[PDB]
Amino acid sequence: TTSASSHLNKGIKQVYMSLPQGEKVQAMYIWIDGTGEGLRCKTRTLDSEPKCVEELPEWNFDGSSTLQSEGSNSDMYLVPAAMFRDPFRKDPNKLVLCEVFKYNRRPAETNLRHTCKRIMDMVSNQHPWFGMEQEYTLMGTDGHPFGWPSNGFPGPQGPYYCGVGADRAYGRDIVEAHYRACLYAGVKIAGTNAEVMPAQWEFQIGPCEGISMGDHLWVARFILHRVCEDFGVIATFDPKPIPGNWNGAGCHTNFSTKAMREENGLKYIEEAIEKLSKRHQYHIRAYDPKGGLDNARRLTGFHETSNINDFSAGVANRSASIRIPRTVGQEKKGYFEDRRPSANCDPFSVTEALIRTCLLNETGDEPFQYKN
Amino acid sequence: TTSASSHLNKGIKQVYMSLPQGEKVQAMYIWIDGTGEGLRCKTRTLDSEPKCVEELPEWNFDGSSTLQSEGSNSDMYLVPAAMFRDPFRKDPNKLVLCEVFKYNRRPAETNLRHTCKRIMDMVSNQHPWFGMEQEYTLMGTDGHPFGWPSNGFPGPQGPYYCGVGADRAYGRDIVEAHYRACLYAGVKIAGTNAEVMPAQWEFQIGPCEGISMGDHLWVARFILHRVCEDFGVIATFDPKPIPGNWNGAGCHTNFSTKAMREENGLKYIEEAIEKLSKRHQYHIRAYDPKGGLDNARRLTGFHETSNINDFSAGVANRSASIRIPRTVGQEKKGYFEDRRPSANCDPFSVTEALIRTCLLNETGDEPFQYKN
Amino acid sequence: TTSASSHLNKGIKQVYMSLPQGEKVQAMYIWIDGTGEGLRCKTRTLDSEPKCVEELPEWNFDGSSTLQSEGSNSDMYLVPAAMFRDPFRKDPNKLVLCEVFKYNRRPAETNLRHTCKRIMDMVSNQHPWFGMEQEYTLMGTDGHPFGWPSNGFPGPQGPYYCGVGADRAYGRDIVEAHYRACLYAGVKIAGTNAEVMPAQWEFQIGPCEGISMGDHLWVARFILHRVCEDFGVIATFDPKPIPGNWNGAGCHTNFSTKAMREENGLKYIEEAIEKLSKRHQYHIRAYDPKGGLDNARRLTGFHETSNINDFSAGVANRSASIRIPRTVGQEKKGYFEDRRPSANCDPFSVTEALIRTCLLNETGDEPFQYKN
Amino acid sequence: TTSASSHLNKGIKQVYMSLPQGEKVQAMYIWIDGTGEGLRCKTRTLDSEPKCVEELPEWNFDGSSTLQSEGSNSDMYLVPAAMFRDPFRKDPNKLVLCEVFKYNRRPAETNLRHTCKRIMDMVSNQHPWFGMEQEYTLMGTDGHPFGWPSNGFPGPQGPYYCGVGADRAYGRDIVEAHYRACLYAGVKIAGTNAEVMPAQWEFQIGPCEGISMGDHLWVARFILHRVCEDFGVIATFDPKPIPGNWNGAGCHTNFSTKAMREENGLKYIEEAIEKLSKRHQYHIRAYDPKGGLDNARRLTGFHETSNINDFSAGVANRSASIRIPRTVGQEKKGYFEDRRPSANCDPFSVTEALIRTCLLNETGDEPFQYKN
Amino acid sequence: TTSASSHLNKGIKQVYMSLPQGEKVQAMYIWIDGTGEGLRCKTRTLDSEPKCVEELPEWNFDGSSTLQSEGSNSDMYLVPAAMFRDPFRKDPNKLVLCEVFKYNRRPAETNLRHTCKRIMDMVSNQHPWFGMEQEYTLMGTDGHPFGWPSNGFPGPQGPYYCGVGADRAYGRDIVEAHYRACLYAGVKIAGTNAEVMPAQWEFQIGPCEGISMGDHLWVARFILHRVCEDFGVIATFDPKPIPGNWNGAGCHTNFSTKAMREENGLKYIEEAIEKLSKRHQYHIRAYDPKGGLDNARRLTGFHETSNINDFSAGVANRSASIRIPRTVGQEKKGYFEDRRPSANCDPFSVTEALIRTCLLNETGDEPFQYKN
């Protein structure tokens, strides 16, 4: 149920990692492959510790092995975008998140941060904030949820939500390690909780401003994968990991602006929600790397989920597509939550779509090519 | 499966290694055996920590047990050549790389450093630089790749290159330990990445000047073997560990001179590449410890490899024998990469051949005795 | 394969060993039993740390349980002879090597240090030096070499001598722990190496002066047994642990005097060798605890060994009974090596026999009763 | 990977089964559940061995437990249709295949034999003959193909088709037992062969005339499931059990009547095919129990398969929708093969659709509701 | 080490196989695939037991899945050639060996029986007799010889040849079962013996006359594969399964005509030997399915064999290319043995080459056309 790599003597590894490093510094470059969901990484040595992301040199990789280029001119370029402390190697080593460009310096097909960044710069003075709740399931190497009975099922749902105990919470060690690792690296992690299905969990990122939301979520996803690799388990973001009467996995998004956060900001919240009601199909396509196919298995109108093809909004309503928190409604200010995006969504796509519809008043089935 | 030695209680060993050492210092002598691929080692005690390699005493070993000498005159001599810090015993213990000489003080058959050093001193003013990318595969004690299904195969290639996750990268603990050990010892390690084959990895050494490149690669190979011994796995440099549609293993070499690195040095790069195009058969024989038989199983013109019988060169071409990086071509200066050498090549043999053809303008099938 | 005691939780033991000791000091007494090969030990508490071996009190043990005494008068006496730091309990605890005397204060049958010490004092002005190479094999609790295939054999010899790798060296953890323990205790250990047969190793002790050589070897043997006990394996000194085409185990002895070590000392080396050629049968009996029967299984004239019936000497000859190193012959000074003694020899017997023949010019088959 | 029931001592059961039955006769009733592809069985005791199916008494069962009815009129009825000798209990025990009728004596939703029997009685003068090649995959209790590596894949396809050997044929014990059982029971089984991917097999039923063909295939499916129960494995009829470069499963149907079986009947084959070319979509709907949502994963136009959206025909063309054997073309008489129906097809639906289009000259989208 | 199919309850299968067959008869069709080394099989049902092979109808198969045809004309044909009793299903079921023809009724590339049958019909009066000693090695599913220690080797050779005992003969159950099955089926099997290395055996077929030799050997190979499938082991015909000091596998051929079988026929043997002397390279090419790339690893001139590039002959000389039995020389009448062909040789190729060189006096490196 666990990988063979996880059965190696981990005490041996800790002895080697206790050696003083010296002067040289390791940097790990991370980018998104051609599937729109996978992550890749590799390491290089630097002569001295960088102080800002702009001191890091550019790099390259063979795009033919990642299904991002074919034939000749298969080389692609990595341009650093964000820098974080490395929790797996400690200071002064760093983690670098990069953008992907093809050989003629054009952005890659899966490079969505390029367009999103320019959109955020246009509405900078309004200070948009984002908060995302990421759900996932821990799986064994055999393709079944971690800790589940062999070729069987655990008891019915109800005691696993925010549960405590050996028979109610599976794999809390991964969650605790991931929480501590994110804090060390500088990722703005807000909290965690156990989900309805056993071995299902969730963590929250935010509130983050502008383009920083997409960077923080992707790095948090990488840390989860790397941490799970140490324990020998697999973390999946599939919207419906288990068929039948079991909870799905989504990525709820919280959105707010400076006007929304001020006194009597509830008026602006309702205007934004009204605009969102006119572009249901546009956002469904944007909330999924496959165009909406993955989210169809989850948004069936059951298990506290909204219908895929219907739009609804309400205060303190967890069955609608858009939910206004009861506290926000009473104080006439705050934020609102979008419950449509799936667990495997791209944060750069989700954040950009919200800004276009609500702040730029875009209309139609296609984004505007130039500004606005 | 792993070795029985790896199942011993490693916590017991750490208790003994925590004892203060005292005044005596341990030195490990390392040399190359008669096969041209294997490494041998043994330890002696010194009264005080040596400051330079010049003050290490000479030693000897029985050559009849290593297939390097006859019966009557079996003694061979070890002459220290380089010193490094010992990462397995910590300071002040040392690792010593030595040359092998026969009983009549003549160089051994596999002692290729003696001739390479003299060639290096001939062009010392031009400051040649070398960079080598060494690939390898992690193997279980049962003769099958580590982490692979028993009597089976993993999924098709494509998600393993620079992959992250329990189902995408096998044996990262060895790689992490090896990287830290090389940094502590003083080996000029440049970076690592996961390869197309699962359980296949690669590390880069350089840029190194002259004879230092050969010394640094051999010590890096020794550290990999010693580290893998702790975990109970086997590291192989075989060019084609597994037959079929699986990636091979090579040792790419990057070469540059002082003239090449300066402005408009691309003209010198073209001159060297032109010279290399005339001595294809000479370099193929030199790029393999068996005269080229091993590299025949890998260089078949498939899986981003060049043909064994044909010579080709190009800029940003990963299917040719010689590749010019696109960045180098744009800046009109830099280096070029030779993709012919196999994974089990001798670095002393490879570096010497490049200098002879490109800098000493040698012509023919035999090296020139004395001078160039 | 490994003992049941080795499967206990070793982390539990370290917690207890971390408790501060206090004022009392533990002392472990070690002696040789009636078989002439076995070692025994027990511990007592002392009120304060002793500074010299002469401060240690005498002790006693029941000789009927060690096959050394009669029925009615079973008590034997332990007289401390040498003191060392305890590597298993750390400072200020000590290890004590003792001599055995009968109830009437006469030396025991296996007590050979008593006569050897008096012989040593007779030639103290010549400063004899000794160096011994102890070979041994690591065995599992099932009676087979450690790491060997169950009911099978590994590959043919040749890659195991001074080998590195998971498939070439078995049980290096024991060797590393033993090396550090000897250094901490103060035993003059000179170096180690892997032997021809897999799971066979060797360590060197010396150069030691006079009676101190026998004390250091016996304590080194005790530390090896105690270290192997922690890992759950057995170390055997049997001359021929495995029948067939597998390497034997011996104890080569290096001998020199202050005259041999000075300039033109090679002349003195030859004279000693000629004297040794006259008493071949006398030394064969003295080199084995059983009278020569054990060494008969090893010294068969093959596997770089000399024949048990014939005496031969030569320079740089590993097939002769006496070997002169090539370096010694060139510099006309140094030492010579005796390759006859078996791996289970008593160092006190071996050192005494060399002095009697070479320095006291003794002749005949019996030692001289009083002095020389 | 195998069921716990299969680990019981089968020798004990054989002792009981050898007891003389006496005079009573056991009868097993078999019917199709509400899913349209599952089977249910029940056993009753008869006073004497029946000589024909016409004298077997009717029975009943609870439709609520079988999801063929709600909680008000859950009771259903079973009417015997065919009788066969029992291979699992031997003579004189028998197997009975029955039709399902509602409480109001109307055929159930999944009872397709009622309408099919009426249709083929109309064209009984032409004597239509049918032959279907049924494919299936053997799977363990863990949901993985039987004999496959744990969490892995076997070698690439090519040696498994009609293979022999421990590494080429998986689970030949089941197919041999099923073949012998079908012959004993009286099912018109024609032959078996191993398929392209390992653990996949195929058997052929026919040439069966009239409504008997639908009866024979359903009984053959029941015997396969019952036989696999003894060995503890699961037989599945999914069209695409394993995604990727692995062969799918289908049910090729061979059709002919007296016209094509006579001389120069090749023209009768041609006119029937050209009629089938018009109603491509209609037959696709009726060839799948789910309307075509299952066969879409198999008919992808690769691995020697025809595209689901394209109709084609040809002589000895295995990539077309309809295949005419080369022998049939050269002999100008015989039959034609339909490669469209999936493995989990209903035999009654498949035979009925072929009769309507090719013999009754029907057209449109809905079947012709009345008799004439 | 054994297949998962072999762990199924074989008692269950025996219960089903004991059911009376009835009246139908099963026939198994066997043919050689495109590799020229493997075999393929499938089963059909017959309405009655055929008295002779001439009553068996023709059949067909998909050549694309067998690697014998492309996708355009993948269909191939099977023509029965010989019939044998089925030992795995008992009477009246049959095994049939069939020839393979293309769609245009031409022999396939691997169909060497067609031309072989024509050649042997031209020397019918001489009545050539053949006897081949076929050697093979039993292997586990992990690629290691059956019964060998895991990741290890057994003792040195010498006791395993024709040995008896649990430690000397590995897998005699397969040998005994195969011997009994061959006798039941009608294969002219002459005897068996254990070979030099463990888990290696040999059986002898003959003396068969004419084309009968090729049919019997191929059927015997099929029975061996089928029998080994029941036990879960793999039979290998590789000439050198294990490199090193382990014996190889070959197929010695014994040849004689009526002239050599008459009085003073030793001279006729001698004329045949000298005719075989000047066509050594031609026969070596035809004695291997790959032209000699396999037999080169066995005929190294060691382990009592002959060199690949040298021709030799002699009486009772087992190290020569051709051996004449001492008893044959003593009686001046008999046969001669060819020790050149490898274990994986094609009997049709071997018999044809011997006939056309010794009895038809062919010369050159190419076989004669219709002229011979």
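By letter and in written order, the chains are A, B, C, D and E; residue numbering begins at 1 in each of them.
The criterion applied here is as follows: contacts are C-beta pairs under 8 Å (C-beta built on N, C-alpha and C of every residue); 3 or more make two chains touch, one makes a residue touch a chain.
In UniProt terms, the chains line up like this: A, B, C, D, E = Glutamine synthetase.
Here A-D and D-E are compared, and the pair linked by more C-beta contacts is D-E. Sharing over half of its contact pairs with C-E by residue number, the repeated interface among B-C, B-D or B-E is B-D. Our note on geometry: subunit A versus subunit B, Cα centroid distance of 40 Å, whole angstroms.
In whole angstrom, the spacing between the mean C-alpha positions of subunit A and subunit E is 63. Chain centres here are Cα averages; for subunit B and subunit D they lie 62 Å apart.
For subunit A, the set of residues that touch two or more other chains comprises 141.
Listing the residues of subunit C that touch subunit E in their complex gives 148-156, 244-245. Only residues 2-6, 8-13, 15-17, 19-22, 24, 26, 38-45, 60-62, 64-67, 71-75, 103, 141, 222, 225-226, 228-229, 231-234 of subunit B touch subunit C when the two sit together in their complex. Note for the complex: subunit D touches subunit A at residues 141-143, 150-151. Of all residues in subunit C, only 1-2, 6, 10-11, 14, 87, 90, 146-147, 158-159, 161-167, 169-173, 176-177, 179-181, 183-184, 189-194, 196, 227, 230-232, 304, 316-319, 326-327 touch subunit B in the complex they form.
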